[PDB]
């Protein structure tokens, strides 16, 4: 950086020189009238070049050498080390008229060199390197750089109930591990020259995105001074001489969102005082950039950690069968004593090079079924985030049964290493339901999961989790998409009827269904029901095509599971028997809703068919009965499970998202 510092007519100018810059110095404007030539002297630690029309020549500390005064002949002044002061650092210029060799005047420059660098971990190893030249920008990819910041959305202690980022005060030390370090490094003499001060600052816009603290170590214990953030745009820094470092901790307050890219800036400036009523001049400015880490979801293929379950305390079969399934795995089971864990919560995570933790997204309140957020999962290294609409009404499509994510896929050459978020919607011209804009905008803004809308609005409840899921193929790195299929169910029932099983009864053991006496015959002879399910198969097939296109899937990647629906008064589908596709996936072990299908030789023909599809792949199937405690099935699921998974090993900052 070239900085302009010109000599002043018959005067000695004092300036602070910041290392990493250099000065160009006009000696011509300061020459007395009549002056012809000049000479110069300079101290040991100052490098001085005489530059005439672009060509430079170094000059000795004291030469008697004289040059022609001229506007195009200037000085270039460089220093490579900070002033000890001690430290006479100066350049002095003498002026001579035509006749006689004694100087007729003098102008001088007295310099104090200091180092000022605001440093962050831009190279993303968890340590703050000295003056990364790339610290002022942020680039994606394995070769990309720039510092990363977590939203500090967890809670260190229950005493103050809100997320840590909702306070301008730090009430606990462990909080510091969630933040990103920023160090102001300076080197110089005992004091700054008269008229200077160093100031940290942020823009008004960024002031609600971040907060910045300094940890003071005064007499009575460590304390955290909040120096930038909400309603603090600048902080005057106390200068310390010699080599000094000031450590700051930065917290994010906000996830990327509509109107906020995720990028924020912090600045330090050396300011020079001019006079009263005149603003201070920013002599030098150094900038660092942070990108706030996005909220990221976990597909079913990722290793399970915890299985969260909610049910009534008397659903014994459900609890026993889930407990047993989990015991086949290394997962922990957590139970709460009714679908809220599935519908109201999506477990995601955030990560930065220095740390990461899981973060819950909380579905919006409708003012009917949900009047209150679920914050009870908020805790140490378990974060919380939510979005609520302003004018928009919430519908069933805002439930997180309607929010899922694919395994990593490659589509037309483009890799999506974190998978793609999937949410259900209605056709553009339909006037149907859609997830609220506020939530859709939030998911889109995270960018690294590139969301895709599917068609869920043909279902009464309207959730993608009703019709599709993903499972790993054991012993490989591959996965399958599972799709509900009504055509598969009809084909199976028709075969069983042909086989002499037409009188086989659905719903065995649900006493509340017995008087209906539903048989394969009864189902197959219902003409309107056939027509309803042909239509529902068209709806499923429309989704199949979107999934194949947007996930880069072929028919080889898909298995169809038998399903059946009944149309409601809105021309929307509700499950006729439990939807087996919505299943608990713990690696090779699958908890599958028990269908209560027609019994043939005392086994459910739906269970046997599903085992015949999945078991050859090495998938182990356990059928879980959540409904027999209720004595009947109306199309509604009363129990819920949500699996918290390990994050992807692929770092999100190694992705390169579309512009």
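Numbering follows the first chain given and starts at 1.
Chemist: Checking chain continuity here. Are there deposited residues lacking coordinates between residue 337 and residue 338, and if so is it 1 to 3, 4 to 9, or 10 or more (or none)?
Modeler: Per the deposited record, the segment joining residue 337 and residue 338 lacks coordinates for 4 to 9 residues.
Chemist: Mind pulling up the entry and telling me whether 455 to 463 or 166 to 174 has the higher mean Cα temperature factor?
Modeler: Comparing 455 to 463 with 166 to 174, the higher mean C-alpha B-factor belongs to 166 to 174.
Chemist: Can you let me know which of the two, 420 to 428 or 473 to 481, has the higher average C-alpha B-factor in the entry?
Modeler: Taking the mean C-alpha B-factor of 420 to 428 and of 473 to 481, the larger value falls to 473 to 481.
Chemist: With respect to the C-alpha temperature factors reported in the PDB entry, which of 303, 552, 144, 262 ranks highest?
Modeler: Highest C-alpha B-factor among the listed options: 144.
Chemist: With respect to the C-alpha temperature factors reported in the PDB entry, which of 19, 639, 643, 23 ranks highest?
Modeler: Reading the PDB entry, the winner on C-alpha B-factor is 639.
Chemist: Based on the deposited C-alpha B factors for this chain, I'd like to know if residue 192 is in the lowest, middle or highest third.
Modeler: Tercile = highest for this residue's CA B-factor.
Chemist: Going by the CA temperature factor in the PDB record, which third of the chain does residue 579 belong to: lowest, middle or highest?
Modeler: For residue 579, whose C-alpha B-factor we compare with every modelled residue in the chain, the answer is the lowest third.
Chemist: If you rank the chain by CA B-factor, which third does residue 544 end up in: lowest, middle or highest?
Modeler: Its C-alpha B-factor belongs to the lowest third of this chain's values.
Chemist: Looking at the entry's B-factor column for C-alpha atoms only, identify whether residue 622 ranks in the lowest, middle or highest third of its chain.
Modeler: Answer is lowest: the recorded C-alpha B-factor places it there.
Chemist: Looking at the entry's B-factor column for C-alpha atoms only, identify whether residue 186 ranks in the lowest, middle or highest third of its chain.
Modeler: For residue 186, the deposited C-alpha B-factor lands in the highest third.
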